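Protein chains in written order, with PDB author numbering: chain E, 1 to 74; chain G, 0 to 74; chain B, 0 to 74; chain A, 0 to 74; chain F, 1 to 12; chain H, 1 to 12; chain D, 1 to 12; chain C, 1 to 12. All remarks here apply to the structure that follows.
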Amino acid sequence: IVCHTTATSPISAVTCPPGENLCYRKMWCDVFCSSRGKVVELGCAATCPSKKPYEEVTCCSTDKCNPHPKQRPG
Amino acid sequence: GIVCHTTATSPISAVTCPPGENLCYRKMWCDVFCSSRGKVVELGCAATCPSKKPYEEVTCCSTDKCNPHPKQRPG
Amino acid sequence: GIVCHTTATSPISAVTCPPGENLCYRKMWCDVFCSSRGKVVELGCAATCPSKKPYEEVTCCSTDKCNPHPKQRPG
Amino acid sequence: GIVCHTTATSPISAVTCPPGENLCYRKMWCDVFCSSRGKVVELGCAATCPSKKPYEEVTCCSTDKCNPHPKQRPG
Amino acid sequence: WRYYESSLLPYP
Amino acid sequence: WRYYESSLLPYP
Amino acid sequence: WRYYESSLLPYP
Amino acid sequence: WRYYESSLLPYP
Numbered sequence: 001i002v003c004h005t006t007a008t009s010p011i012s013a014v015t016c017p018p019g020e021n022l023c024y025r026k027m028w029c030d031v032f033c034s035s036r037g038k039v040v041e042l043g044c045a046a047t048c049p050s051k052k053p054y055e056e057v058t059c060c061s062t063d064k065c066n067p068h069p070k071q072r073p074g
Numbered sequence: 000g001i002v003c004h005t006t007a008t009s010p011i012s013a014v015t016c017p018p019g020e021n022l023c024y025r026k027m028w029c030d031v032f033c034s035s036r037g038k039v040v041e042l043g044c045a046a047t048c049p050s051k052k053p054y055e056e057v058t059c060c061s062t063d064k065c066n067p068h069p070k071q072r073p074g
Numbered sequence: 000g001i002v003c004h005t006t007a008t009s010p011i012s013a014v015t016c017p018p019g020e021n022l023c024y025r026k027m028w029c030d031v032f033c034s035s036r037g038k039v040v041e042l043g044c045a046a047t048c049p050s051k052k053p054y055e056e057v058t059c060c061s062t063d064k065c066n067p068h069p070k071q072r073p074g
Numbered sequence: 000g001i002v003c004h005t006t007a008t009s010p011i012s013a014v015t016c017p018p019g020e021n022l023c024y025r026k027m028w029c030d031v032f033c034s035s036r037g038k039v040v041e042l043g044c045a046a047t048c049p050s051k052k053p054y055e056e057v058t059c060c061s062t063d064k065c066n067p068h069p070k071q072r073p074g
Numbered sequence: 001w002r003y004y005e006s007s008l009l010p011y012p
Numbered sequence: 001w002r003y004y005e006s007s008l009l010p011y012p
Numbered sequence: 001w002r003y004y005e006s007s008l009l010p011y012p
Numbered sequence: 001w002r003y004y005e006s007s008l009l010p011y012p
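Here's what the structure looks like:
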């Protein structure tokens with residue numbers, strides 16, 4: 001599966017290693033949440049990442065289904 | 000840390016290299032399509048400069064984004 | 000690449016491992032105070048699992064923060 | 000992520016380890032044919048280092064292709 | 001780097 | 001993905 | 001730092 | 001597959 005990743009600048013798409021067949025978006029507030037919004041983390045995963053109490057996690061299994069909120073999926 | 004171009008993404012993007020990996024590398028070599036497309040291009044991070052094999056061509060450097068794809072501007 | 004607890008810092012923290020050391024280890028053994036404090040605890044990064052003497056305790060793992068101090072939970 | 004030699008294939012090859020198994024291991028022990036063929040060789044991926052019997056030989060490492068069959072050098 | 005939903009540009 | 005010096009677009 | 005199983009605080 | 005230190009060929 002191909003997935004968006006926040007590990008690069010600018011955001012780009014990476015092919016996930018074998019056995020990692022989901023994309024994930026993870027969002028949470030940091031100190032600047034009032035002005036900039038929630039932190040965004042995008043990547044690959046085998047199992048959907050477990051959500052910490054303050055986090056928001058979305059997992060999906062189609063190519064590039066985890067875009068940065070300011071961009072189109074696919 | 001050092002920022003380096005990487006071919007692991009599409010399109011090519013820049014990644015921050017992990018601790019202790021303070022060099023960028025470009026590695027180029029001919030595959031079957033070298034006559035029509037030129038050499039394969041691989042860009043990434045490294046701790047030690049890759050050892051130059053006889054058939055590969057390697058560039059190593061220690062400034063951010065110093066290893067661009069030949070078709071773009073470094074930095 | 001892997002993050003792991005190390006006894007090199009105070010308090011114990013999780014650190015990014017140097018290049019080439021991509022597994023964690025916990026090593027425990029009795030010292031002079033084993034009756035009152037329990038076994039010595041040593042945590043860190045490594046390339047190879049340490050060779051464990053019969054009385055030593057070595058457990059090796061390769062996921063982030065998988066080598067916690069006995070008074071903490073992995074993950 | 001990590002590639003490791005595996006004895007599950009024929010001939011032995013280097014495979015990408017499943018998610019969560021990020022170290023290589025080699026395990027050797029004598030069977031009935033140990034006098035003529037030498038020790039059994041078992042290679043694969045693992046999350047944790049396998050627990051070693053006193054008569055077994057277990058090696059754990061976390062670099063690519065670091066667990067070759069004795070008739071091959073690492074890397 | 002660090003991204004936020006407000007922009008596609010990274011922070012530190 | 002595999003790149004070549006002739007283009008910034010990947011192939012496989 | 002030398003640690004022991006009994007506490008997260010070092011003893012050396 | 002069963003392998004042995006003496007050869008790269010499997011024996012089962």
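Don't be surprised by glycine CBs; every beta carbon is placed ideally from N, CA and C.
- Only those residues of the stretch 0-20 of chain A whose C-beta falls short of 9 angstroms from the nearest C-beta of chain C are listed: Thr6, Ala7, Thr8, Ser9, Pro10 and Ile11.
- In its chain, beyond the 5 residues on either side, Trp28 and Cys29 have a beta carbon closer than 8 angstroms to the beta carbon of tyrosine 54 of chain A.
- The contact set of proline 69 of chain A on chain C, defined by CB atoms closer than 8 angstroms, consists of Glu5 in chain order.
- The C-alpha of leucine 8 of chain H lies about 50 angstroms from the C-alpha of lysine 51 of chain B.
- As the crow flies, the alpha-carbon of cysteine 60 of chain E is around 15 angstroms from that of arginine 72 of chain E.
- The Cβ atoms of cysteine 3 of chain G and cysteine 44 of chain G lie closer than 8 angstroms to each other.
- Scanning chain G for C-beta atoms nearer than 7 angstroms to the C-beta of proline 10 of chain H yields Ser9, reported in chain order.
- For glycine 37 of chain G, the chain H residues whose Cβ falls inside 7 angstroms of its Cβ are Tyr4, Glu5 and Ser6, in order along the chain.
- Residue pairing for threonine 15 of chain A: DSSP places it in a beta bridge opposite A:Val2.
- Between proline 49 of chain G and the set G:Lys70, G:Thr6, G:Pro17 and G:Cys23, the nearest pair of CA atoms involves G:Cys23.
- In this chain, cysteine 29 of chain B is not harboured by any alpha helix (DSSP H), its DSSP state being neither H nor E.
- Distance from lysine 26 of chain E to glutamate 5 of chain F at the Cβ level is roughly 12 angstroms; contact not present, criterion being Cβ atoms closer than 8 angstroms.
- Bounds of any beta strand (DSSP E) do not take in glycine 37 of chain G, whose DSSP letter is neither H nor E.
- Between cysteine 16 of chain A and the set A:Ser9, A:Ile1, A:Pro69 and A:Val57, the nearest pair of CA atoms involves A:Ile1.
- Per DSSP, the beta-bridge partners of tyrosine 3 of chain C are A:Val40.
- Rounded to the nearest whole angstrom, the CA to CA distance from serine 9 of chain A to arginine 2 of chain C is 10 angstroms.
- In this structure, DSSP gives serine 50 of chain E a state outside helix and strand, which the three-state scheme calls coil.
- Taken through DSSP and simplified to helix, strand or coil, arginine 25 of chain A comes out as strand.
- For the 8 angstroms CB-CB criterion, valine 40 of chain A and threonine 6 of chain A form a contact.
- Per DSSP, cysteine 65 of chain B lies in no beta strand (DSSP E) and is assigned neither H nor E.
- Of the residues assessed, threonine 62 of chain G falls on the exposed side of the cut-off, its CB having fewer than 16 other CB atoms within 10 angstroms.
- For chain F, the residues of the stretch 39-71 of chain E that bring a beta carbon within less than 9 angstroms of one of its beta carbons are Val39, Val40, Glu41, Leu42, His68, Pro69, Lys70 and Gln71, in chain order.
- Between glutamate 56 of chain A and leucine 42 of chain A, the alpha-carbon positions lie close to 12 angstroms from each other.
- As the crow flies, the alpha-carbon of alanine 13 of chain G is around 12 angstroms from that of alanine 13 of chain E.
- For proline 67 of chain E, the number of other beta carbons within 10 angstroms of its own is at least 16, and it is reported as buried.
- Here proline 18 of chain A is buried. Its C-beta has 16 or more other C-beta atoms within 10 Å.
- The beta carbon of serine 35 of chain A is closer than 6 angstroms to none in its chain, skipping five residues each way along the sequence.
- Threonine 58 of chain E has E:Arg25 as its beta-bridge partners, per DSSP.
- The secondary-structure analysis by DSSP pairs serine 9 of chain G across a beta bridge with E:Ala13.
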